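Asker: need coordinates for the following:
(9 chains, ligands or ions: 1)
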Amino acid sequence: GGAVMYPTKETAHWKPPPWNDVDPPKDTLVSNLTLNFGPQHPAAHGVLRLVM
Amino acid sequence: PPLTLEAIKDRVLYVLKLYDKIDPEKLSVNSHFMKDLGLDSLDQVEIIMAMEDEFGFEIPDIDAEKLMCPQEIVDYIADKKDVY
Amino acid sequence: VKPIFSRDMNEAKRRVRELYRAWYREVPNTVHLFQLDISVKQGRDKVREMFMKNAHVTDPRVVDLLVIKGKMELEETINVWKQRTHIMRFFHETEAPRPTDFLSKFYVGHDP
Amino acid sequence: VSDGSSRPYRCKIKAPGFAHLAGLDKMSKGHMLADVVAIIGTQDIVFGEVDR
Amino acid sequence: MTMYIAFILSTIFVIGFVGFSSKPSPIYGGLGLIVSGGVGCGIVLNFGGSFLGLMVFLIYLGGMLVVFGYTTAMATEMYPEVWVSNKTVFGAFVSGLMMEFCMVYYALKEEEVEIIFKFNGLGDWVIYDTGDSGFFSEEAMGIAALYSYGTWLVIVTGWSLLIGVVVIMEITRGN
Amino acid sequence: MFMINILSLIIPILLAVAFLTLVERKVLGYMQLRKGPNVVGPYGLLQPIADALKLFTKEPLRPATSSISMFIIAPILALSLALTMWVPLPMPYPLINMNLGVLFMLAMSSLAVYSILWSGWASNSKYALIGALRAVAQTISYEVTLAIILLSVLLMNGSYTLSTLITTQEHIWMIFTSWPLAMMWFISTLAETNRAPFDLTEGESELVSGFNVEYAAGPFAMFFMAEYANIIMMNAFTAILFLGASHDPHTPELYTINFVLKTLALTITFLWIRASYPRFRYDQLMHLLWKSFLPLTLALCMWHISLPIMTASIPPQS
Amino acid sequence: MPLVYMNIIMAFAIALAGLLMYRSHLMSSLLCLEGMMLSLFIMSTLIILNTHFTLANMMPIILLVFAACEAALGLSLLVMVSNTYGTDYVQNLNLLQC
Amino acid sequence: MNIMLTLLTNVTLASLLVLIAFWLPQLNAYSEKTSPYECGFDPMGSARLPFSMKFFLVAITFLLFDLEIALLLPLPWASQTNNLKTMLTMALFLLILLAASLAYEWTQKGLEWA
Amino acid sequence: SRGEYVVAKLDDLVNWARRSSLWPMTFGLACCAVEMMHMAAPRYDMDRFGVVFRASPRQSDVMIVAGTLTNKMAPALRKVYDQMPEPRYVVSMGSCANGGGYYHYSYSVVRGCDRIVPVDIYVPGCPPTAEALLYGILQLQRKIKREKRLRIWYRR
Ligand code: SF4
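Answerer: Numbering: from 1, shown residues only, chains lettered A, B, ... in the order given. Next up is the structure itself:
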């Protein structure tokens, strides 16, 4: 029932493959770019620091 | 790689030694921080943060205050890491 | 009296310790991001000094409100809402030392 | 609010731009940066009113 | 010196390959690929292949555009690497340049170098033919025979491209 | 004397770019109820020279986060490519007569795009990166339709040699034959030159300055010169391709005058469009080109392939 | 064989070595694949032009067409890999073993 | 060689202009002047972090269509053959396959973004 | 001396180029910005004089501080001024920018933009009329015309 027969010490720790699918490793993989739209921006009316 | 209790004690003592406020000479496993070493509550919080960094497991607030003895830190670490 | 977040002083102390942990871990990231020339030890000492300034508080609600303000400041620092000027304002570098002995105050000016 | 003196006790200015800029985030959902510029234009915000 | 324009360009080609093969950040590897594509166009034009060379340059110029965008999106790094930012990349670059310089000088000096095949140091001008193509561009006439002679190649390539669009759509569905 | 010819092509083109800046400023001002620059020189003639001197006597700043090598290389590439593309053009006789001049111009235009992308990436600023990505999207939108339109029109020419366009349009302008392709081509040239309503890369209103936000003094002047030179060169290409001119071999000056006037008119149209219309969203630009221009271009390319065959009008290869 | 053939075959060898020696990113190895395709185009074009194999001057263009097909496939796979792992690093293609 | 000379001349002019721009002017470079531009306030993160491309599929399809652009450019010389029937059939076959690919991607919501 | 004459003429050329082409940055804080736009409007079009508004600080030569400068905005203004390449000139428009004006005694107002950035020309008024701002810009141009950088270099 192991992942590999005749397992070694390192492989023994390794878990067997998932039955259906691998778990999603979603962990802060996408970091949205943060932009200071203003104040100096022409479209910010000069005094708006829109953090987007 | 058996995570021996004495290795845990060595790591805790090393972390405590690195902290400047603790004087190296009077540091002991049974030396309670507040009275034996004279460090304050925020000092104890900082030492707990150092320990959690060294062992990689986060110590919650309730458990951390139950500390103030290096031996207590060692035993709590053993309990979390299932030593003996 | 209605509690803001804590019904007793011990709970407020727990919240204060949590905030102190957050600042203590954030300090090196602040030095890196804001390109501050202070050392990490210096910033953490400033954090302790700011915490110690209000160490005399004995009312749970005041402590809770102070923790709220500290959390807001920490959010500002974690983001880049505060600039290097705001972060370095805690260190009053430009301001000259003000003598506190009676004779120096007497010499310098009429201020009590 | 007047205290009967020659100087107002309290004067609170309700600026229409305040609530519109507050709702800017809700309006911007699902749009791009140029759409955000257009939405800032639509609500006609003069930040003297907003900041007072 | 103009007697060996081809050799100089080929050496530049090999240097560009040693650039994008040492694997700097995809941006500078794309720079290398663009330079190598331009130099290859130069070589093919010197041999009489103006259309082919220009086509390679045009296609790789567009291809490296999508590569650049993809890099800034997926193959991105906080400190992108240049050929002097890591000992491995610079090691690869220096080794590639040295290997070129080695074979280059070896073949130029020695009459007949033989690395894996036998190469003669005589300039490329020797091999060129003395015939005349008249009122024709042989490359153009051959490339135009894809529609008159290569109906089978047209069928295969068109199907391959349509199935490629389908394949990309399926591979990027992502369920 | 070929070096003299190269200088004759280069130097006058740069002066033309300089005075194009004045023309644009005045034309936009008059279309806006204003007077363009007039104080500096008679009728504003010396304004360009003052701008060039100011820019080249202004401190150039190298951004701390920038990659200096690409940061410097990009303006050089932009200006050199902008000057290079002028070489193959027949006015009436080309400086370099190539059998495949049109493909050369297409490849060179493709190469110039990397100047914008390299500048934006090297700047290491978020706005510059956004501008570079917009330039990537713009090329993706326009390149295919540009190539297909050029192929469809050149099918009547019978070659990619620019010079032979004059002979093909000896009796009539090709716009009469291919006016729809001409419209799509003009819009595509607007897109390629990053001109309004497709001025997305710079996009001052939306991006403070786009790719050149971190460029100052000489490098910015070089980017501006490349932009205007590309405008003029693309309009000249349109004039050659569609609005053909009479060429008397004994007197080339007549053809040169006609060609210059047509190119001036097309550049003035460029400024006119910049004044009139608002700016597109880059998603909208890509959608316009792919969903609207591309299918019509495919259909018209089929039509132009068939028409010489069904009308027995296949052009001579030579 | 003239030396230009030597240089172009050397370029192919270098690109092959680059592809077979990955470092971290997948994009770089796809670029090495494209470099190999460019080297093959140059070699084929030189041979076909020197030998005046007129009906073989189209083979480089078909080679380029299928090279671009391969490039598209590579990028479409890289996008999925990046989505599933957050980077294009080859070390993440480690679930399947042996 | 004329093309090489022209390219060299243009590149040398551009490089000379860059040199004159970086050496004629006076400079007072200090850290704050060379810092990145973020509309007055300081940047939060880097500009070298990943920037999601919402039009990736269109870019790959652009590569695949540039291939067809390459395949269609020989058409002007192809019209000079004697088998104009087969040439026309194959040219229309290629253009109809490109149209089919565009239609497939469009109908499958591939030309849309995100 | 011939060297002095050459230096004087080259300085004349440089000053003429710099004053003729003055590119203000698109920086407007408060009501005074509107009068600035009216200056850009057809009646007093500043483009005639060579003054063209350019957004990027690195592509601009003059900063016009139109409107009140709050303590919150001051660091951004200093950053924009620093990022602006030199030669750079600052014009303070309106009482609020000049010395704080109506909000001088406010906690959130910097009592003058001179405290944060060096100012070359002060345009009085609240709001200063567009003609007043144009007069200030022309005064700055004359100030540039009076500059003697190369002459001082030769004499030093
Ligand atoms: S000076 Fe007057 S017009 Fe100008 S911003 Fe202040 S209050 Fe408004």
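Asker: which helix runs longest in chain D?
Answerer: Counting residues, the longest helix in chain D under DSSP state H turns out to be helix D:16-28.
Asker: for chain I, what spans make up the strands?
Answerer: I:62-66, I:89-93, I:121-123 (DSSP state E).
Asker: among these, which comes closest to chain H?
Answerer: Chain H lies closest to strand I:62-66 among the strands of chain I, at 11.4 Å (C-beta to the nearest C-beta). The way it works is simple: take the backbone N, C-alpha and C, and place the C-beta from them, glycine included.
Asker: returning to what we had before: deepest in the core, which of the strands of chain I is it.
Answerer: strand I:62-66 (a mean of 27; mean count of other C-beta atoms under 10 Å in any protein chain shown).
Asker: from the chain's centroid, how far away is that one?
Answerer: In terms of C-alpha atoms, centre = their mean, to the nearest Å, the centre of strand I:62-66 is set 5 Å apart from its chain centre.
Asker: same question, stretch H:68-85
Answerer: Here the centre of mass of C-alpha atoms in stretch H:68-85, compared against the chain's by C-alpha atoms, centre = their mean, lies 25 Å away.
Asker: distance of the residue positioned nearest the centre of chain C from residue C:93?
Answerer: In chain C, the centroid-proximal residue (C-alpha atoms, centre = their mean) is residue C:50; its distance is 2.9 Å. Between residue C:50 and residue C:93 the distance, using C-beta to C-beta, to the nearest Å, works out to 16 Å.
Asker: and the helix or strand containing residue B:13, what does it pack onto?
Answerer: Using DSSP states H and E, the secondary-structure element containing residue B:13 is helix B:5-18. Packed against helix B:5-18, as judged by 3 or more C-beta pairs under 8 Å, 6 or more residues apart in numbering or on different chains; DSSP states H and E, are the following elements: helix B:41-55, helix B:70-81.
Asker: so the last one versus helix B:5-18, what angle?
Answerer: Translated: helix B:70-81. Here helix B:70-81 points in a direction 130 degrees away from that of helix B:5-18 (axes from the mean of the first three to the mean of the last three C-alpha atoms, to 10 degrees).
Asker: pull out the buried positions in helix B:70-81.
Answerer: Neighbour-count burial for helix B:70-81 flags B:70, B:72, B:73, B:74, B:75, B:76, B:77, B:78 (criterion: 16 or more other C-beta atoms under 10 Å in any protein chain shown).
Asker: also the first one?
Answerer: Of the residues in helix B:41-55, those buried under the neighbour-count criterion (16+ other C-beta under 10 Å) are B:42, B:43, B:44, B:45, B:46, B:47, B:48, B:49, B:50, B:51, B:52, B:55.
Asker: show me what it is packed against.
Answerer: The helices and strands touching helix B:41-55, judged by 3+ C-beta pairs under 8 Å, 6+ apart, are helix B:5-18, helix B:61-65, helix B:70-81, helix C:9-33.
Asker: can you add distance to residue G:30 and give the ones you listed back as CSV?
Answerer: What follows is the helices and strands packed on helix B:41-55, written out as CSV (distance: least, C-beta to C-beta, whole Å):
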stretch, distance to residue G:30
helix B:5-18, 45
helix B:61-65, 50
helix B:70-81, 44
helix C:9-33, 34
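Asker: which one, of those, ends up nearest to residue G:22?
Answerer: Among the helices and strands packed on helix B:41-55, the nearest to residue G:22 by C-beta to C-beta is helix C:9-33 (31.0 Å).
Asker: just the residues contacting the closest one, thanks.
Answerer: Applying C-beta atoms under 8 Å, 6 or more residues apart in numbering or on different chains, the contact partners of helix C:9-33 are B:41-42, B:45-46, B:49, B:61, B:64-65, C:5-6, C:36, C:38-40, C:43-44, C:47, C:51, C:58, C:60, C:63-64, C:66-67, C:70-71, C:74, C:77-78, C:80, C:87.
Asker: which of those residues fall within helices?
Answerer: Where the contacts of helix C:9-33 overlap with helices, as defined by DSSP H, the overlap consists of B:41-42, B:45-46, B:49, B:61, B:64-65, C:40, C:43-44, C:47, C:51, C:60, C:63-64, C:66-67, C:70-71, C:74, C:77-78, C:87.
Asker: flag every residue of chain C that's near chain A.
Answerer: Within chain C, the positions lying close to chain A (C-beta under 8 Å from any C-beta of the partner chain) are C:79, C:81.
Asker: interface residues of chain C facing chain H?
Answerer: Where chain C comes near chain H, counting by C-beta under 8 Å from any C-beta, the residues are C:34, C:79, C:80, C:83, C:84.
Asker: tell me the two of the residues you listed that are most distant?
Answerer: Across these, the two members that end up farthest from each other (C-beta to C-beta) are C:79 and C:84, 13.7 Å apart.
Asker: ok, these two, which is more surrounded?
Answerer: residue C:84 (17 against 12; other C-beta atoms under 10 Å in any protein chain shown).
Asker: tell me how many other residues crowd residue G:63.
Answerer: Using other C-beta under 10 Å, residue G:63 is surrounded by 17 other residues.
Asker: surely it touches residue G:40?
Answerer: Yes: using C-beta atoms under 8 Å, residue G:63 is in contact with residue G:40, at 6.1 Å.
Asker: ok, residue E:125 to chain H distance?
Answerer: Taking C-beta to the nearest C-beta, to the nearest Å as the measure, residue E:125 and chain H are separated by 14 Å.
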